[PDB]
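Engineer: Chains from the complex, first installment, not repositioned:
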Amino acid sequence: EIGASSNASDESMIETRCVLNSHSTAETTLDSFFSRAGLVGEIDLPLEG
Amino acid sequence: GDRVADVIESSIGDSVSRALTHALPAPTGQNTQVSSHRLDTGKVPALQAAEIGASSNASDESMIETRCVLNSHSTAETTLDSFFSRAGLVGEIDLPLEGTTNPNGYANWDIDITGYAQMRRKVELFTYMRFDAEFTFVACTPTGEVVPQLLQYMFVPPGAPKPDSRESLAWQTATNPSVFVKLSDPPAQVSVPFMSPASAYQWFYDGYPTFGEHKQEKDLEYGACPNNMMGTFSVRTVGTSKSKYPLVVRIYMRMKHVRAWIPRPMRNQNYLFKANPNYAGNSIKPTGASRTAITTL
Amino acid sequence: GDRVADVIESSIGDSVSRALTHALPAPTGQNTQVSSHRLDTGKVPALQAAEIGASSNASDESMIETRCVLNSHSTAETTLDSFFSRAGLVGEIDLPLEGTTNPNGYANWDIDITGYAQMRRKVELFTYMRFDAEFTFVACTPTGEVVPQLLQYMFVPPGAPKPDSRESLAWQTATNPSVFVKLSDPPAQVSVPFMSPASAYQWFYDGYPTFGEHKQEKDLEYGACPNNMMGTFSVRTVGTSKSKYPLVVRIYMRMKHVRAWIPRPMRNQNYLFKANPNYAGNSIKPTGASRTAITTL
């Protein structure tokens, strides 16, 4: 009800081992996500039309 | 805390894999040292026990009288990159006008390089391989003629919508990477990273992808490892109306930054299918040439 | 050697059983301290939560105004040895002349002290007990008369041959301990050590002595713990011809150097059998006295 998301973590809900996580967070930056060219317009210049 | 002795003294949890061997620099072939006649008892280099599983440790110096030879022959051309970083054909895509295959001006090719024997036999020398790769796309007509046609190549990773037509909304390519190029331009060329969810790709997976009963009808899934399935390569002629020319796209691959593990016997029977090692049972041929007698050349 | 963190930091193997409580010297009853009127908010000694499983922590001082009392009443007579080191009857052996029981001048009594309720109800207050014991043997005729007869008592541990007659070769007693005494002499008396293979004797064993199917016919073995079966006590009149007198041997036991664990509810139904806690289902009686109404004495 407070409006916050759960603060519970793996460590407190089950018995965990140690894991050294080196997975990168680089591909989820705004530029990573948006700096990929996509179609946004099409212009027709026909002869007969 | 710990107190019983067997717990304090156990090796349970040792992550340091002890290694019986280590690599040495070897930029050139080994040299030969002077050797002379030896007439000893007890010393016997020529005798081995192949049963142990090791290869002979006998050398020229101990079997015959040798001179000194300073060997400066390089070992550089036999590195993994030297051997694999040579572009070879791994895919062919047809875009004909009149046809049974892809007559609609587009095509989807599952990224699988096992359809060509030259390249395949080289990679299957190893069980696991991790590498980046440079892909080159050569396009022309079936006569090798160059025509003024614009094409679009798009990489569709697993889960992205595969185009179902030359005018599919998927070609908007807002996130997938696409390449626009003319057949008149040089061959398109890009670099591809190592994309598997695993630490390495593996050319052999002795297992099944899912749990359950593995009945007859599902046996085509034996050996299928999704960790090797990188997606689809889609190509189309860029237009709302059919192309005026029939086209062919040949795909070349040049691996780079290669690492490989677990060498294995090299294929000696013709390949039949991409997905498995099936061989023609009625044509099992010897690995190599034969002769009439063991006492004759 | 160890290297992964979860192994280095685990408590697997901790043999030090952490204890939430410790014993204190208490040679006398606690004293009473002066207390006065308290009129507080927040402080409430009289209120408890029996659900927790603990007993009330409320004391005289906090419930009423008390004076000072120096209590020097001893707690010495309630120690285990004080309570148990009093000899009681635990066995009776008859050696009649004319009879149905042991008319042959000898008898074998399985060492089991559960045939007499007074002693049994005391020991069954605890689940496990470890102790030494002093045994006294009182012998006479069934009228309590003392006659000039020589007897032999012999302890036959499990595995030693039980005499099968007054003239059995087993009475040579070359290793078993025997006692030779006259009824005219005072009662024979010896000290017995704690002989179980276990760390303690146990008056209750919720289990079976062996593996296998526990079918109906073997259910008499439920609750049988060999760790409690110390052997046989054999008695005979010393001669090759029948004794001239009918005899009775009463066996008394006085435990000493006692230790006990796990207190339990005390028996409230008459005992029926030595080997089990069976009670007469048609005579289940209240633990104690009753009255006509809850509002009347």
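Structural biologist: Great, that's in hand. Numbers count the residues shown, from 1 in each chain, chains lettered A, B, ... in the order given.
Engineer: and the gap between the residue of chain A found nearest chain C and residue B:198?
Structural biologist: Taking CB to the nearest CB as the measure, chain A has residue A:18 as its residue closest to chain C, at 3.8 Å. (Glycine included, C-beta is placed from N, CA and C.) Separation of residue A:18 from residue B:198 (CB to CB, to the nearest Å): 22 Å.
Engineer: Quick check: the residue of chain A nearest chain B.
Structural biologist: Of the residues in chain A, the one nearest chain B is residue A:38, at a distance of 3.2 Å by CB to the nearest CB.
Engineer: hang on, isn't that residue packed against residue B:176?
Structural biologist: No: counting by CB atoms under 8 Å, residue A:38 sits too far from residue B:176 to count as a contact (9.2 Å).
Engineer: So for the two, which sits in the more crowded spot?
Structural biologist: When neighbours are counted by other CB atoms under 10 Å in any protein chain shown, residue B:176 comes out ahead of the other of residue A:38 and residue B:176, with 19 against 11.
Engineer: Surely that one touches residue B:159?
Structural biologist: No: using CB under 8 Å, residue B:176 is not in contact with residue B:159; the gap is 10.8 Å.
Engineer: Please state the backbone phi and psi of residue A:8?
Structural biologist: Note on residue A:8: backbone dihedrals following degrees, to the nearest 10 are phi -70, psi 140.
Engineer: And the residue nearest the centre of chain A?
Structural biologist: Among the residues of chain A, residue A:28 comes closest to the average C-alpha position under CA atoms, centre = their mean, at 4.5 Å.
Engineer: that older thread, ok, the residue of chain A closest to chain B - contacts?
Structural biologist: By CB atoms under 8 Å, 6 or more residues apart in numbering or on different chains, the contact list for residue A:38 reads B:172, B:173, B:174, B:175.
Engineer: Repeat that for residue A:37.
Structural biologist: Under the contact definition (CB under 8 Å, 6+ apart), the residues listed for residue A:37 are B:173, B:178.
Engineer: ditto for residue A:27
Structural biologist: Applying CB under 8 Å, 6+ apart to residue A:27 gives the contacts residue A:33.
Engineer: and chain D, same structure:
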Amino acid sequence: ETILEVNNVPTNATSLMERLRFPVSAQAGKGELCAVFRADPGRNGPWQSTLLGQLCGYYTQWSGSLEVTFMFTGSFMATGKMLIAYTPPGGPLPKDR
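Structural biologist: Time to bring in chain D:
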């Protein structure tokens, strides 16, 4: 956290809001099943309703732990104990509690 449509069954316009919540009520004490769903976040099913699931769609691969927080909205006088289980790969849908 965004709302996970565990109850993704109703499909007519007027009942769409019902997918945002699922029910519990007095039973017969036989450890009955209340609901199930796959934990796969980027798969068709309940997760599609969440912002995590949708963002997930713009990526081929993912890695990490997930969390689902369940909020009970019955009256203050209602009590109860539920067992929520997560079955790792290989384990078929549990037949019983």
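Engineer: please look at the contacts of residue A:27 again, because chain D has been put in.
Structural biologist: Residue A:27 touches A:33, D:59, counting by CB under 8 Å, 6+ apart.
Engineer: before we move on, back to that, leaving out the residues flanking it, which one is nearest to the residue nearest to the centre of chain A?
Structural biologist: What sits nearest to residue A:28 in space, not counting adjacent residues and going by CB to CB, 6 or more residues apart in numbering or on different chains, is residue D:59, at 7.9 Å.
Engineer: And for that neighbour, the neighbour number?
Structural biologist: When neighbours are counted by other CB under 10 Å, residue D:59 registers 14.
Engineer: Next, give phi and psi for it.
Structural biologist: Backbone torsions for residue D:59, taken as degrees, to the nearest 10, come to phi -140, psi 140.
Engineer: who's in contact with it?
Structural biologist: Neighbour list for residue D:59: A:27, A:28, D:42 [criterion: CB under 8 Å, 6+ apart].
Engineer: With residue D:77 instead?
Structural biologist: The contact partners of residue D:77, by CB under 8 Å, 6+ apart, come to none.
Engineer: tell me the secondary structure for it?
Structural biologist: The local conformation at residue D:77, judged by DSSP: H, G, I helix; E, B strand; the rest coil, is coil.
Engineer: Against residue D:7, how distant is the closest residue to residue D:85 other than its chain neighbours?
Structural biologist: Spatial nearest neighbour of residue D:85, chain neighbours left out: residue D:94 (6.9 Å); criterion: CB to CB, 6+ apart. According to CB to CB, residue D:94 and residue D:7 sit 19 Å apart.
Engineer: These two: who's more crowded?
Structural biologist: Legend: neighbour count by other CB under 10 Å for residue D:94 and residue D:7, higher for residue D:7 (15 against 10).
Engineer: Correct me if wrong, but the more buried one is in a helix.
Structural biologist: No: in this structure, residue D:7 is coil, not part of a helix, as judged by three-state DSSP.
Engineer: I'd like to know how many residues surround the spatially closest residue to it that is not a sequence neighbour.
Structural biologist: With CB to CB, 6+ apart as the measure, residue D:22 is the residue that lies nearest to residue D:7, at 4.1 Å, once sequence neighbours are left out. Residues contacting residue D:22 under the criterion other CB under 10 Å number 17.
Engineer: let's put chain E on the structure above:
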Amino acid sequence: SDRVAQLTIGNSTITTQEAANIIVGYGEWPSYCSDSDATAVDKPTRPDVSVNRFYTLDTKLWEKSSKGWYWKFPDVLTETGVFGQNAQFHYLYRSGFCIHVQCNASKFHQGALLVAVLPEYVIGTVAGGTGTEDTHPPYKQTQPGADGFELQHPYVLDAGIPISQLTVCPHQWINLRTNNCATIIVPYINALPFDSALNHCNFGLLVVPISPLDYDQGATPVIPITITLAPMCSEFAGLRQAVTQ
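Structural biologist: Adding chain E to the chains above:
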């Protein structure tokens, strides 16, 4: 802040918002067998997380007429998960337990259960009623497995002893107006360092209503009592083939 609690062990977590503290039997925590108490020489196996976790084994229905139930340890688990397998493949076993009995109702229901642990809970029979017959309890009554067994004469705990004194054993009460669960931690109790998980039941769990369940017509009438339990510091030795009994 003593009413709320979280029990996490293995890959299992239990929560409660109406607890009444925790009882640690005979004031001591479970521990592994020391090298001087031990006698068997083979190196034991201590599976840890795969066996020391919470198992929810059974649910009973509390009714206005219920007499009470009991379960035997380690019997209730000898056929469950990885713990059961180790118990079957090994001759020797030892462990402690964290017992969590659950039972909730409403602020308009009433009743109180006595939850207790009684070591070496030997069961007796009524002896043919007259007491002249030396009958004995069948295997299904002495080792009832996960389903437990219902007491025939709770007043004497089916063993000729007064339930009124059962509180001398580690216990807690589940009094509906106060709490919805009982939590008792029990150390290994025996006269030997290890024993057979099959032939010997170290203690019994007793759940007996002392103050009958009551409520007015209209209130939820189905009031379950669920039994969850976790082995602690499990150790096994004397390996060979699996045996169920």
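Engineer: The contacts of residue D:77 again, this time with chain E added?
Structural biologist: Applying CB under 8 Å, 6+ apart, the residues near residue D:77 are E:106, E:107, E:108.
Engineer: From residue E:108, how far off is it?
Structural biologist: Residue D:77 sits 8 Å away from residue E:108 when distances are taken as CB to CB.
Engineer: chain center to stretch E:88-98, what's the gap?
Structural biologist: Between the mean C-alpha point of stretch E:88-98 and the mean C-alpha point of its chain there is a distance of 15 Å (CA atoms, centre = their mean, to the nearest Å).
Engineer: close to chain A, is that stretch?
Structural biologist: No: interface with chain A: stretch E:88-98 contributes nothing (CB under 8 Å from any CB of the partner chain), its closest point being 13.9 Å away.
Engineer: ok, and does that stretch reach over to chain C?
Structural biologist: No: taking CB under 8 Å from any CB as the criterion, stretch E:88-98 and chain C are apart, separated by no less than 9.2 Å.
Engineer: how about that stretch: buried residues?
Structural biologist: Applying a neighbour-count criterion of 16 or more other CB atoms under 10 Å in any protein chain shown, the buried positions in stretch E:88-98 are E:88, E:90, E:91, E:92, E:93, E:94, E:95, E:96, E:97, E:98.
Engineer: swap in stretch E:224-238?
Structural biologist: E:224-237.
Engineer: do the same with stretch E:159-179
Structural biologist: Within stretch E:159-179, the residues scored as buried using 16+ other CB under 10 Å are E:159-163, E:166, E:169-176, E:178-179.
Engineer: Could you see whether chain D lies near that stretch?
Structural biologist: No: Stretch E:159-179 lies apart from chain D when judged by CB under 8 Å from any CB; the minimum separation is 10.0 Å.
Engineer: Now render the buried residues of stretch E:224-238 as a markdown table, adding distance to residue D:54 and secondary structure.
Structural biologist: Written out in a markdown table, the entries for those read as follows (distance: CB to CB, whole Å; DSSP: H, G, I helix; E, B strand; the rest coil):
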| residue | distance to residue D:54 | secondary structure |
| --- | --- | --- |
| E:224 | 40 | strand |
| E:225 | 44 | strand |
| E:226 | 38 | strand |
| E:227 | 42 | strand |
| E:228 | 38 | strand |
| E:229 | 42 | strand |
| E:230 | 39 | strand |
| E:231 | 43 | strand |
| E:232 | 44 | strand |
| E:233 | 46 | strand |
| E:234 | 45 | strand |
| E:235 | 50 | strand |
| E:236 | 49 | strand |
| E:237 | 54 | strand |
